[PDB]
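Colleague: Sequence plus experimental coordinates follow:
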Amino acid sequence: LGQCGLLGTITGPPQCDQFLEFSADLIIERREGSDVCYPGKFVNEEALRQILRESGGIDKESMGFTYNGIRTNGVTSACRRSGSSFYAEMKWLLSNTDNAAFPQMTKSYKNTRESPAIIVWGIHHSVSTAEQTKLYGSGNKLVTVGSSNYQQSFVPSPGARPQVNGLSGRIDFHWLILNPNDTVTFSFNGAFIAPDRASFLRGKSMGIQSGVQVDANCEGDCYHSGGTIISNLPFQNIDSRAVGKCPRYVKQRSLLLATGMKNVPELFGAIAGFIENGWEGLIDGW
Amino acid sequence: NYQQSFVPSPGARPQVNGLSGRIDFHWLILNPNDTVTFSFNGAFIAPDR
Amino acid sequence: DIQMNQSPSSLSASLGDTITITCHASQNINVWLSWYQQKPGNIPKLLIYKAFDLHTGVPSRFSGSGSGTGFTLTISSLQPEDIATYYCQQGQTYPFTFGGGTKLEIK
Amino acid sequence: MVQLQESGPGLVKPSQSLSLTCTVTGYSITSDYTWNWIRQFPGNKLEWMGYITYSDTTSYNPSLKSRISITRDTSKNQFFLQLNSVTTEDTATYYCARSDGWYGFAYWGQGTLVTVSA
């Protein structure tokens, strides 16, 4: 994934664009992988990063949402492909005109496949009460997200923040899982980063964190941050957080074996016993 | 040892057995000779025993 | 170079029919196809970007679809001004490529 | 409403220099989008050839990089291609555009049919 961050493959920030619908038996993510473009984070994101590494890719399907009396062309300068762009899977909704309002809306998506989906939506934490009155509008803001096993009723939290890459706002991306023939109804009066294409898991994979280069001539199975472990040895001193079909981490740095005899230079006492000595006379056996 | 200040979250939900509302049941533990004061202006499913 | 083989080069239909046509790009261009309406004698103009979104100003009965390798626009309720050559744009890599086009007539 | 206009004389002999010059009224080139030029064949086959950005960088078609120079000017609000080593095959119509790129090719122009002949 290189400069893509593995949670961006369901959002599509401008470096994950070659990656939106991948399919892999080995996902690789890098230290420079920034999951976002607009600065922010995913809430409960280590549960989400542990779904995706063993998922075998993601097979996006449309959610069929249409939107009315509303603009959906929201972009920002921090997300660049050739111009001011946005995410590939999400929709920065806004107002129609800048200071009238945001009309109240409600949508719903019924899972109709066999597999469980992964929804991911977003709440936008603006910098002030002067920008949510110009992005979305006056009044309070509310984003209820409900299914058969779930409701949370999120809300933004504006305020002044430290800049990371020029902007002082955030976006938190939350996520649930729908089961077959369920629904999620989203009602929201603003401050919402709607999805446009939900995701369905394809198969199986593993996931590794690393910082070295890809080598398709080598054939290996146990992968850590500085590379790949390959032997039949049960114990490894190399890295404790080695994932895959990895050997077991240990503290000490050498453990041994033999083939045969304790050595004599020239539990019954046979090696140097009453036959007290050795040879170099015969040279095939012992 | 405890205060939380809960609040409901209304909205449209998928039906499970005909109804589209929910009830969340929370719980604490009192210690000997303690108290729980409940103040509430609605949306509350009080206990009785 | 990523080739766009827009099939077929010619198709005619009646007013109110449904037509389904394929822009088939050679490699994976995940959501980056942008399709263009050439009137004969007038400039091309944008109708669909990011494979999904209507450029605001066009009437609503356009609906582009498909994803992946093969892509598809549909027109239900054909109208007599819909005589055009519908060009499609690859937008994953450099260099850009266009395609051969198609011919749509009133039969 | 954005509207852009080309200018240029309509004759060129092989291996000469004919320039293409696009002027944009009302909107600047420093706000961040790229500016492509697009080629139009007899038989309405099309190819792209290059662009200049808001940020002074160039990138061209990998069959044509030895032929193209794109530069741009601010007091005229203009962007500038001069195409050398021409051939009679290159009879084409050249469309200048505010090209959004990954959002497609947003604005177009009327386009000028120029002729290459002996």
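Modeller: Great, that's in hand. Numbers count the residues shown, from 1 in each chain, chains lettered A, B, ... in the order given.

Colleague: So which bits of chain D are right by chain A?
Modeller: Within chain D, the positions lying close to chain A (Cβ under 8 Å from any Cβ of the partner chain) are D:32, D:33, D:34, D:99, D:100, D:101, D:102, D:103. All C-beta spots, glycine's among them, are computed from the backbone N, C-alpha and C.

Colleague: give me the number of residues near residue A:268?
Modeller: 5 (other Cβ atoms under 10 Å in any protein chain shown).

Colleague: and it, how far is that from chain C?
Modeller: Relative to chain C, residue A:268 is positioned 72 Å away (Cβ to the nearest Cβ, to the nearest Å).

Colleague: hang on, the earlier thing: secondary structure and neighbour count added to the residues of chain D next to chain A, as a markdown table?
Modeller: Output for the residues of chain D next to chain A, formatted as a markdown table (DSSP: H, G, I helix; E, B strand; the rest coil; neighbours: other Cβ atoms under 10 Å in any protein chain shown):
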| residue | secondary structure | neighbour count |
| --- | --- | --- |
| D:32 | coil | 13 |
| D:33 | coil | 19 |
| D:34 | strand | 21 |
| D:99 | strand | 23 |
| D:100 | coil | 21 |
| D:101 | strand | 21 |
| D:102 | coil | 20 |
| D:103 | coil | 24 |
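
Colleague: ok, so of those residues, who is nearest chain B?
Modeller: residue D:103 (34.2 Å; Cβ to the nearest Cβ).

Colleague: partner residues bridging the nearest residue to the closest one once chain neighbours are set aside?
Modeller: Closest residue to residue D:103 apart from its sequence neighbours, by Cβ to Cβ, 6 or more residues apart in numbering or on different chains: residue C:49 at 5.3 Å. The partner list for residue C:49 in beta bridges (DSSP bridges) reads residue C:53.

Colleague: interface residues of chain C facing chain D?
Modeller: So chain C meets chain D at C:32, C:34, C:36, C:38, C:43-46, C:49-50, C:55, C:85, C:87, C:89, C:91, C:94-98, C:100-101 (Cβ under 8 Å from any Cβ).

Colleague: Return the subset of those residues lying in strands.
Modeller: Within these, residues falling in strands by DSSP state E are C:34, C:36, C:38, C:44, C:45, C:46, C:49, C:85, C:87, C:89.

Colleague: Select from the residues you listed the one having the most neighbours.
Modeller: Neighbour max across those (other Cβ under 10 Å) = residue C:34, 26 neighbours.

Colleague: what about whatever residue of the stretch 151-286 of chain A ends up closest to chain B, neighbour count?
Modeller: As assessed by Cβ to the nearest Cβ, chain B sits closest to residue A:153 within the stretch 151-286 of chain A, at 2.9 Å. Per other Cβ under 10 Å, the neighbour tally for residue A:153 reads 15.

Colleague: Equivalent analysis for the one 5 residues further on, please.
Modeller: Burial of residue A:158, expressed as a neighbour count using other Cβ under 10 Å, amounts to 19.

Colleague: hang on, the earlier thing: let's have the ones in strands among the residues of chain C next to chain D in TSV, adding distance to residue D:19.
Modeller: As requested, those are exported to TSV (distance: Cβ to Cβ, whole Å):
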residue	distance to residue D:19
C:34	29
C:36	27
C:38	27
C:44	24
C:45	27
C:46	28
C:49	31
C:85	29
C:87	27
C:89	27
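
Colleague: Which two of those residues have the greatest separation?
Modeller: C:49 and C:85 (18.3 Å; Cβ to Cβ).

Colleague: In stretch D:104-118, which residues are buried?
Modeller: Neighbour counts over stretch D:104-118 (16 or more other Cβ atoms under 10 Å in any protein chain shown) mark D:104, D:105, D:106, D:107, D:108, D:109, D:111, D:112, D:114, D:116 as buried.

Colleague: nope, stretch A:115-131 is what I was after
Modeller: Buried, per 16+ other Cβ under 10 Å, within stretch A:115-131: A:117, A:118, A:119, A:120, A:121, A:122, A:123, A:124, A:125, A:126, A:127.

Colleague: out of those residues, which are inside strands?
Modeller: Using DSSP E, those in strands are A:117, A:118, A:119, A:120, A:121, A:122, A:123, A:124, A:125.

Colleague: re earlier: just name the closest of the buried residues of stretch D:104-118 to chain B, please.
Modeller: Nearest to chain B among those, with distances taken as Cβ to the nearest Cβ, is residue D:104, at 36.5 Å.

Colleague: picking up where we left off before, in a markdown table: the residues of chain D next to chain A, plus distance to residue C:2.
Modeller: A markdown table is the format used below for those (distance: Cβ to Cβ, whole Å):
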| residue | distance to residue C:2 |
| --- | --- |
| D:32 | 26 |
| D:33 | 23 |
| D:34 | 19 |
| D:99 | 18 |
| D:100 | 19 |
| D:101 | 15 |
| D:102 | 15 |
| D:103 | 18 |
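
Colleague: what's the closest of those to residue A:102?
Modeller: Of the residues of chain D next to chain A, the one sitting nearest to residue A:102 (Cβ to Cβ) turns out to be residue D:103, at 24.2 Å.

Colleague: Now for the closest one: which residues touch it?
Modeller: Each residue near residue D:103 by Cβ atoms under 8 Å, 6 or more residues apart in numbering or on different chains is listed here: A:81, A:82, A:83, A:85, C:34, C:49, C:50.

Colleague: out of those, which is most surrounded?
Modeller: residue C:34 (26 neighbours).

Colleague: Apart from its chain neighbours, what residue comes closest to residue A:188?
Modeller: Spatially, and ignoring its direct neighbours in sequence, residue A:188 is nearest to residue A:143 (4.5 Å; Cβ to Cβ, 6+ apart).

Colleague: Next, the one you found: phi, psi?
Modeller: phi -140, psi 90 (degrees, to the nearest 10).

Colleague: Near it, how many other residues are there?
Modeller: For residue A:143, the neighbour count with other Cβ under 10 Å is 24.

Colleague: Count the neighbours of residue 84 for me.
Modeller: No chain in the question, so chain A it is. 17.

Colleague: wrong chain, I was asking about chain C
Modeller: By the criterion of other Cβ under 10 Å, residue C:84 has 19 neighbours.

Colleague: Not counting sequence-adjacent ones, nearest residue to it?
Modeller: In space, residue C:84 is closest to residue C:37, 5.0 Å off (Cβ to Cβ, 6+ apart).

Colleague: quick one: contacts for that neighbour?
Modeller: C:44, C:45, C:46, C:47, C:84, C:86, C:87.

Colleague: ok, it to chain A distance?
Modeller: For residue C:37, the distance to chain A - Cβ to the nearest Cβ - is 20 Å.

Colleague: before we move on, back to that, closest to chain A out of the residues of chain D next to chain A?
Modeller: residue D:101 (2.5 Å).

Colleague: Is the residue nearest the centre of chain D bridged to anything, and to what?
Modeller: Taking Cα atoms, centre = their mean, the centroid of chain D lies closest to residue D:37, which sits 3.2 Å from it. With DSSP bridges as the criterion, residue D:37 is bridged to residue D:50, residue D:96.

Colleague: With residue C:24 instead?
Modeller: residue C:5, residue C:70.

Colleague: show me what contacts residue 68?
Modeller: As the question left the chain open, I've gone with chain A. Taking Cβ under 8 Å, 6+ apart as the test, what residue A:68 contacts is residue A:105.

Colleague: should've been chain D
Modeller: Applying Cβ under 8 Å, 6+ apart, we find residue D:68 in contact with D:49, D:50, D:60, D:61, D:81, D:83.

Colleague: Just to check, the second one is in contact with residue D:62?
Modeller: No. With the criterion set as Cβ atoms under 8 Å, residue D:50 and residue D:62 do not qualify as a contacting pair; they are 10.6 Å apart.
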